[PDB]
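Remarks on the structure that follows.
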Amino acid sequence: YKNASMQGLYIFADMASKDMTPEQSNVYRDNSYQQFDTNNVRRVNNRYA
Amino acid sequence: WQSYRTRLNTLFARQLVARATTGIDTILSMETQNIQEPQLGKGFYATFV
């Protein structure tokens with residue numbers, strides 16, 4: 001997942017959304033991988049801060 | 001009746017229903033309060049600072 005492309009979106013409390021730009025999906029990736037699922041395992045995502 | 005004009009109806013009640021349907025936060029959002037209504041009659045808007 002290091003330097004892997006990811007797609008994604010932000011969902012806001014007003015149930016509405018805006019897509020993440022790749023610049024953004026990349027930062028969350030660098031700070032969220034490790035929690036990502038891989039083959040033969042399941043992982044628990046935690047709160048992002 | 002003079003140069004004064006009062007709006008007598010609203011044209012977006014359906015949107016308000018659609019928004020309440022998805023949660024309190026969308027109905028009480030700032031955006032909700034910006035659903036626009038058409039100008040009442042011949043005229044224009046202007047900003048006075």
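To be explicit about the labels: the chains of the structure tokens are called A, B, and onward in the order shown, and within each one the residues are counted from 1, while ligands get numbers from 1 in the order they are shown.
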Requested in this report: Apply DSSP to the structure's backbone, then extract all residues of chain A labelled alpha helix (DSSP H) and return them as a VMD selection string.
Outcome: chain A and resid 22 to 32
Identify, with DSSP run on backbone atoms, the residues in chain A assigned to strand (DSSP E), and express the list as a compact mmCIF listing (two decimals) with N, CA and C atoms, in the first residue's frame.
# COMPACT_ATOMS: atom_id res chain seq x y z
N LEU A 9 -13.88 9.37 -0.44
CA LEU A 9 -14.77 10.49 -0.25
C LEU A 9 -14.94 10.91 1.17
N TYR A 10 -15.31 12.16 1.33
CA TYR A 10 -15.63 12.63 2.64
C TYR A 10 -17.14 12.69 2.76
N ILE A 11 -17.66 12.15 3.84
CA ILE A 11 -19.09 12.28 4.09
C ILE A 11 -19.28 13.23 5.25
N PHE A 12 -20.06 14.25 5.00
CA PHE A 12 -20.23 15.27 6.00
C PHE A 12 -21.54 15.05 6.71
N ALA A 16 -24.06 14.60 2.81
CA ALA A 16 -23.55 15.11 1.58
C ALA A 16 -22.14 14.65 1.46
N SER A 17 -21.61 14.63 0.27
CA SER A 17 -20.25 14.23 0.16
C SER A 17 -19.50 14.93 -0.93
N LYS A 18 -18.19 14.91 -0.77
CA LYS A 18 -17.27 15.43 -1.75
C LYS A 18 -16.14 14.44 -1.90
N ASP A 19 -15.73 14.18 -3.12
CA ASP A 19 -14.66 13.23 -3.33
C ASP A 19 -13.35 13.74 -2.80
Query raised in the report: Interatomic distance between atom CA of residue 42 of chain B and atom CA of residue 30 of chain B?
Result: 28.2 Å
Requested in this report: Identify every residue of chain A that has at least one atom within 7 Å of any atom of chain B, counting only C-alpha atoms, and report the result as a PyMOL selection string.
Outcome: chain A and resi 13-15
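One finds atom CA of residue 41 of chain A at 27.9 Å from atom CA of residue 23 of chain A.
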Report task. Can you pull out every residue within 12 Å of residue 3 of chain A, counting only C-alpha atoms, but drop anything in the same chain fewer than 6 positions away, and send it as a PyMOL selection string? Result -> chain A and resi 22-23+25-31+33
